[PDB]
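Colleague: Dumping the structure here so I can ask a few things about it.
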Amino acid sequence: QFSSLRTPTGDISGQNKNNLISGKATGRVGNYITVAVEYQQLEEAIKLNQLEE
Amino acid sequence: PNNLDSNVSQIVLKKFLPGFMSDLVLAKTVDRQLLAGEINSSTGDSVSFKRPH
């Protein structure tokens, strides 16, 4: 973005110009999202029908 | 006075001897047919049969 100067004759020698100042926006990685489950071999053998569903 | 012991090796043949083994009468004489494949993952912990009238 720039500003301007308002002068009767338009000589700017006694003054200061626009600088050029960069800026930036940073994207980052977040935390993981994790759903975890565990079950005993016994449970799968006798309890676990339809585990898919 | 021939000393030939380094011409030959000490072999251990690839063969095993018979072990001691229990007889397993009770396993081979109780009924095995009724209970075969009847406890599975739709059933859960246990399962029941019908007494005759």
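With ideal geometry, Cβ positions are generated from the backbone for all residues, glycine too; neighbour counts draw on all protein chains shown. Since every read-out is calculated from the coordinates, none of them should be taken as a lab result.
Colleague: If the Cβ limit is 8 Å and pairs must be 6+ apart or interchain, which residue in region A:31-48 that is within 10 Å of chain B (Cβ to nearest Cβ) pairs with which residue that is charged (D, E, K, R)?
Modeller: Qualifying pairs under 8 Å: A:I46/B:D45.
Colleague: Could you tell me whether A:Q1 is within 14 Å of chain B (Cβ to nearest Cβ), of a type outside the set (F, W, Y) and not in a helix (DSSP H, G or I)?
Modeller: Working: within 14 Å of chain B (Cβ to nearest Cβ): no; of a type outside the set (F, W, Y): yes; not in a helix (DSSP H, G or I): yes.
Criteria not met by A:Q1.
Colleague: When you scan region B:1-46, how many residues do you find that are in a loop (DSSP other than H, G, I, E, B) and either touching a residue at least 12 places away in the same chain (Cβ under 8 Å) or farther than 20 Å from A:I46 by Cα (or both)?
Modeller: Summing the residues that are in a loop (DSSP other than H, G, I, E, B) and either touching a residue at least 12 places away in the same chain (Cβ under 8 Å) or farther than 20 Å from A:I46 by Cα (or both) in region B:1-46 gives 24.
Colleague: Separate question: Could you list all residues from region A:1-39 that are surrounded by 10 or more Cβ atoms within 10 Å (Cβ to Cβ) and of a type in the set (S, T, N, Q)?
Modeller: If the condition is that a residue be surrounded by 10 or more Cβ atoms within 10 Å (Cβ to Cβ) and of a type in the set (S, T, N, Q), then A:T7, A:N18 are the ones that fit.
Colleague: When only residues in region A:11-30 that are among the β-branched types (V, I, T) and within 33 Å of the chain's Cα centre (by Cα) count, which is farthest from the other protein chains (Cβ to nearest Cβ)?
Modeller: A:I21
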